[PDB]
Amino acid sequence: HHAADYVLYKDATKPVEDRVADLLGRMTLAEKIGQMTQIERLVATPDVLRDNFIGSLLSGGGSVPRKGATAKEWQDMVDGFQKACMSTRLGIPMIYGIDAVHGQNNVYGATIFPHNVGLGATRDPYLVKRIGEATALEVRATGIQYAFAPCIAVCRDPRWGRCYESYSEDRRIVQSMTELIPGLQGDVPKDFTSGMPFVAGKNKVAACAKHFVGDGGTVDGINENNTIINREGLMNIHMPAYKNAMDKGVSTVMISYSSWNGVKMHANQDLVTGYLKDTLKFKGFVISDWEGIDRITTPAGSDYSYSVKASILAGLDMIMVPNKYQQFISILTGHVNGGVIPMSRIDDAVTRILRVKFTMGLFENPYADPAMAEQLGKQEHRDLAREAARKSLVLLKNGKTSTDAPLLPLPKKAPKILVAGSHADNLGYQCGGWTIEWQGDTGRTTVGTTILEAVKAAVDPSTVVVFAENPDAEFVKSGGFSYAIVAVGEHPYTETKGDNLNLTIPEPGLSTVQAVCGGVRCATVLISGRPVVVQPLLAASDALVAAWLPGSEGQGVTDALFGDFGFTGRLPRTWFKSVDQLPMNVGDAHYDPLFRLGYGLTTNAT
């Protein structure tokens, strides 16, 4: 189709399957295995990317070109890696992936949306679609083309450190929130075939349904552990949202570290090939988790040759190595040359990776668009995050007795008010894990508005706002306050660091709520990733709000506290009476919640 040097896979007018087959038929085994290899930016250089024919890069949590880097700095980093990949013999562009799981959350100045538990409280799938749309724009502002989201885990035990990454313990709510996918990727056309990958073009990103499968069903909520459940239960609880993801054209699926009835997911051919590929007809690419194949063995990493064979024969397509790429490539090449892994398996993995890259337009637009840098932290997206934070809040109490005046909404005009607690003026605590650092962090880690700053922006100019992080009761009683807002809760955590058998918030938290509420009427704002022991906090408080991990836009909290909007959120999880009840889900003989799934009080706007 015309120039003397015409090569069909470079022709943007040709169907994707024809371009995939044309390119695959030209590739050496080194070029094929390179496509299957994803490496961390920290081990990448131009020569490494070219010499090893690398297919993908990622940033892990906190892996950034520098602290405070601008959107342009991110684009220049991604473009520098892409120029090396485009300089190989075949010029196959890399795809760059990142955990953009509540906005583009590793990046300074990105909008930080509420984490998924609070989004489940909104029961609003169109809000979540709009969040996917804004997230895709902020990820593309940094030159990145691929987000590892949504987590469609159905968390069945809140002792799991990833419970906050699950929309709900009710798979129907998780299924509804798969609307994140067409937000991130764009809507699929009317005649679309379920299981095909889709991305609309350069203003959207590839998505990732994760972690396949049963990551929210592990014993005692131990992260990465064993999910013990019959096939009926796996299929009725943990699997359904993957079918919704197929129908919405999710481009990739990431495998879980967890096991199902003792079989590692990263080595489970029956489920990855037999079910996901051969039954659901998934035609995008399957990616490992970070060192997921290493963790097939006990101890992890003790037989990496086996890890490679087991994972590739199970049906995984791309391996998040992410550091020991030379060993990964050498071992896989040896297995293929030895006849241990057939070429048909390599060709299927490369077909799927190429299919996603061609479909999303990566060969046509391999480089960043500098005009997109301005989308990062845009005020329209902050207004959306503020809407989502307010909708996520669940009002659990609003008066100590049935005859008390309702405390919320609070008046904006009062002579003097108190804002108190470790979480009232701490942006890192209100964002939680996966924000700037992998585990999150404390203090003013990015651009946003704390609860204290939100109160100061809300109240009448005559209202004096006093801040005290941990006042004693005497200070409160002597202060001439009309009321207090006191915010406390969990510290940031991610993955195994968040596994927690006691679910009791760190002190001082309860002590501060008791001191403040003992001195003046108080609204307690509980920041957490999950239900936590709450009876003592409730006993002390006039009103109590479960705010989850609401992100950078603390005005979503004050929008409800001062009655600009009514409270509407409803619990997306069961609130237990005691951790000795766990696991405790609807239907269990022992179901005896403090607050049931779906519970929430309301207010009317003033």
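For every residue, the number given is its place in the sequence shown, counted from 1.
- A summary of the deposited B-factors shows that, of 229 to 237 and 476 to 484, the stretch with the larger mean C-alpha value is 229 to 237.
- Just going by the entry, 535 to 543 versus 576 to 584 on mean CA temperature factor gives the higher value to 576 to 584.
- Highest C-alpha temperature factor among 103, 432, 150, 506 per the entry: 506.
- In this entry, the residue among 455, 523, 420, 188 with the greatest C-alpha B factor is 188.
- Ranked by Cα temperature factor within the chain, residue 74 sits in the lowest third according to the deposited record.
- Among all modelled residues in its chain, residue 26 ranks in the middle third by Cα B-factor.
- Among all modelled residues in its chain, residue 211 ranks in the middle third by Cα B-factor.
- Sort the modelled residues of the chain by CA B factor and residue 330 lands in the middle third.
- Sort the modelled residues of the chain by CA B factor and residue 381 lands in the lowest third.
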